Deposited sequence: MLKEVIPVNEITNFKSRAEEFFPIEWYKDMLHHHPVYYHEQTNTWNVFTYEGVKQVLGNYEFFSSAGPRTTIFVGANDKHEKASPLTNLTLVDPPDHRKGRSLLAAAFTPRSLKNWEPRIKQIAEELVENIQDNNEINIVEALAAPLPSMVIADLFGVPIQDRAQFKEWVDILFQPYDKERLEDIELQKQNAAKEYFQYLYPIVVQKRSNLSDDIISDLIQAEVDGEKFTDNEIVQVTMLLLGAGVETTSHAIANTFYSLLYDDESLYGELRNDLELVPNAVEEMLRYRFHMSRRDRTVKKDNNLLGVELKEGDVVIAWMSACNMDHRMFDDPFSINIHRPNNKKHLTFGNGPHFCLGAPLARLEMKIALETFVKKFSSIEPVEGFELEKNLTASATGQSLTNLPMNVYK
């Protein structure tokens, strides 16, 4: 495993939460940057990251160093089978029917919020929504969602390591009978979709489906909670006028969501192992070289995004950011995350006329380590009707 912390070498939690100064330095002085201590190549330009992520002919996901069942360590010469099987659960049809179910879960969370005093938007919406939503789309029976939610909070929400292997044991032992039941009772959920999915005649087995669900929870529960929490932090400490714009016209939420993914999702970075000699990045890369594509950095590249260090929900090409990746490994749950963010934002802005930060908030005292870097543990705010 690659210790990415040595490449950045931050000396504070708040800097890692929004590494805007490091992004500037690396975009300006080290577009392609070899790090001697980790033996890794680091790319920050939009064109460079797009090459690394998309061009599978030269950059492989299968590699010793990392930062039909596991489609994240496989390349297109075999990736299509696992990709197509998993894509059958995320068709435009399923996404269309998930809007009222996700919208309904968000109503309970927003209707529960009353002002009176300061609220914690992380515990009240940012953290519970992805967990409650993914339990719904999995088809977990309603009477077990509490226990399911508890496992997900231990696994993917920030001795601790022994508590996690007991959660993994309980998860696999509980969900395997569920997958067996659903094969004889096809409902309208993801597990039922993974069962009947067929590619090249092959299908998933019961044991393979349980692993796949564990891959989806790890891929779109914490990252979605992070994006929702950062969206509210930006609505509080970045552009003050943005909230009033969203409430004047609710139709601007999709643009606001897409701009939060470009500007306020840190940090985004995936590795690729070089499979063929080339100088496609401006340096001579040999086979076996590890290249880290920094996407949260390339979303600030002025060669692609005009005025990149400012928030602008009217920038016409905000959707071409690389927070969801590029190429064959493009995020399969990207439309779901976009729907979750829009619904959580729409339902919130429709209720409250204005929001205001809290007096004594210190960013450094409310951050914890996470997969992307640093995540808000809580986010106090005052809300008004």
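- In this entry, the deposited residues absent from the coordinate set span 1 to 4, 72 to 85, 177 to 183.
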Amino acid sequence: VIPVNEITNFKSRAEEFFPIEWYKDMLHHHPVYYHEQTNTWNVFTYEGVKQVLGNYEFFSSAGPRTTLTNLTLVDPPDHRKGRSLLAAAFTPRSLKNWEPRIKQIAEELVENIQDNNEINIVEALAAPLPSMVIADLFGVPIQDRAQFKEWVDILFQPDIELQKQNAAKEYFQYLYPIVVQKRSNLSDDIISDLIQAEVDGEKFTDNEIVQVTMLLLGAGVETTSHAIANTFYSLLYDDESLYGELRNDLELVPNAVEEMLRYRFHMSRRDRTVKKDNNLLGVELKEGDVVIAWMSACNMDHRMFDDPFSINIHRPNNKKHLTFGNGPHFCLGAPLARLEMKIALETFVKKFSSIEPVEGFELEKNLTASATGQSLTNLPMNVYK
From here on, numbers count along this sequence of modelled residues.
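- Between the stretches 86 to 94 and 198 to 206, it is 198 to 206 that shows the larger average CA temperature factor.
- Stretch comparison (32 to 40 versus 314 to 322) by mean CA B-factor in the PDB entry places 32 to 40 on top.
- Annotation for 306, 189, 259, 123: 189 ranks highest, by Cα B-factor.
- Listed residues 103, 266, 302, 81 were ranked by CA B-factor as deposited; 81 comes out on top.
- Among the modelled residues of the chain, residue 50 sits in the lowest third by CA temperature factor in this PDB entry.
- The PDB entry assigns residue 234 a C-alpha temperature factor belonging to the lowest third of its chain's modelled residues.
- The PDB entry assigns residue 356 a C-alpha temperature factor belonging to the middle third of its chain's modelled residues.
- When the CA B factors of the chain's modelled residues are split into thirds, the value for residue 176 lands in the middle one.
- Looking at the C-alpha B-factors along this chain, the one for residue 363 belongs to the middle third.
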